[PDB]
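Two forms of the same protein chain are encoded below as structure tokens; each is given separately, as structure 1 and structure 2.
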Structure 1
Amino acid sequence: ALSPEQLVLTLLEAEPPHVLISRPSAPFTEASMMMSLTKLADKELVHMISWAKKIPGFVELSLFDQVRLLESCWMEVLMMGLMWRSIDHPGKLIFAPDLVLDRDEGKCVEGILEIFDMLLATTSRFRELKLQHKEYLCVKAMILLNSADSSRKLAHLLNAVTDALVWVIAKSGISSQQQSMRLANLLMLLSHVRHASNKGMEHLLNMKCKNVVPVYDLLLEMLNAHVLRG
């Protein structure tokens, strides 16, 4: 039972810290770029779990629901983050402050370029809409949450975060109609993010089985998504 203004601040406080990784000394190859990505991701996944647990009410869901939600949305959340980080840097993908990939660098890994392009396209769209930080916080949480006691609780949590986004938009002062248009515009983009994550997951699974990159521990568990698949 918390107001939207209060939930936004809570989300702000829950934001994961920046993961610092750097380009390898030697130039990139398919294998080393992928390696860097998996190393970055494993650290980010750890942070994602901590973030999730700071979302009011999340830990009250069934453990089964908590696992399924994270297993289904993780790549999408990682991508949403990457989009935010890259928002003011056209043509670039800011995976990490010191790991900034240029679009063309996608050529280093077979089939990643078209996905990078998808990523840059959606990022461009968010930039043109002038996505605000607080809006991003709400949307990111929305991605996790939109992915009987526990069901009831989840629906309530999704509603809370939705209400927060509505609140954030309303403080901009624009007309009711433009507020609605903005909201729709943002949510509509979300399907583009989901799409990118679907292609990213497919691609990553390929990279793994083509033994281009080794996938272990937390990343592997989440990628396999055994609990989610049942």
Structure 2
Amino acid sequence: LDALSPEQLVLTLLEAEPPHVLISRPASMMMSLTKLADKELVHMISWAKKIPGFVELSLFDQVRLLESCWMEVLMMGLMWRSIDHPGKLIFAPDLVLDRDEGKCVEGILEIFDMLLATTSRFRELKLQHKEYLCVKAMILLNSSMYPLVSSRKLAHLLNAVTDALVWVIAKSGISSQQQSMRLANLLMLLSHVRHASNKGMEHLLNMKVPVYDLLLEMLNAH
């Protein structure tokens, strides 16, 4: 019970953060992004396994969640590290792209504008490092509906992270009407992250590295 307490939880998530990912480059832009995603996915699994109780869900839900959230969690990560630099998307330490470079590949420009706009909204709200940690945990725990309709366990966990986020906003010292508004504002943003995630998945499947199959392999590895 206690390891899921608001304070402990935020610190545990903090330590569970993924490492920086160097793509190490010796079609191409899309080759880069794809190789990057594959690499991040490995660390994403590690991350999820470090979230208190995740490992104690049924392997069936762990797999459902991961398979449904990966693109969203990757994009949440992109937005967060691009949060202080308008017009750019810091994908990895050796891969910073600005809006315009998105014109090369067709279809990508639209997605970039979504990501940049959502990032802009997170910068305007002044997203906090610990609010960000809870949100990202929520994106995962809330990626799939089915595993909720072990379900007892997922719901408890999803409530834990939420209490944590509510706790985080509370010590913000702001009023009670604002606390509610900020909670609502942060959550509504999730719809946009999901959205961008869908446009990304769609675009990725309309393509002719196999990230999705590679993810399924990683899912079998465990």
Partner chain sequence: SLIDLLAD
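Residue 1 is the first residue of structure 1, and the numbers go on in sequence order from there. The term rigid core refers to the maximal set of C-alpha atoms that superpose within 1.5 Å between the two forms.
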Since only one of the two is the form solved in complex with its partner chain, can you say which one? 1
C-alpha of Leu12: shift of 2 angstroms or more between structure 1 and structure 2, rigid core aligned? no
Please report, in Å, how much the Cα atom of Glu44 moves between structure 1 and structure 2 when the rigid core is superposed. 0.4
Core-superposed C-alpha displacement of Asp98 between structure 1 and structure 2, in angstrom, equals 2.0
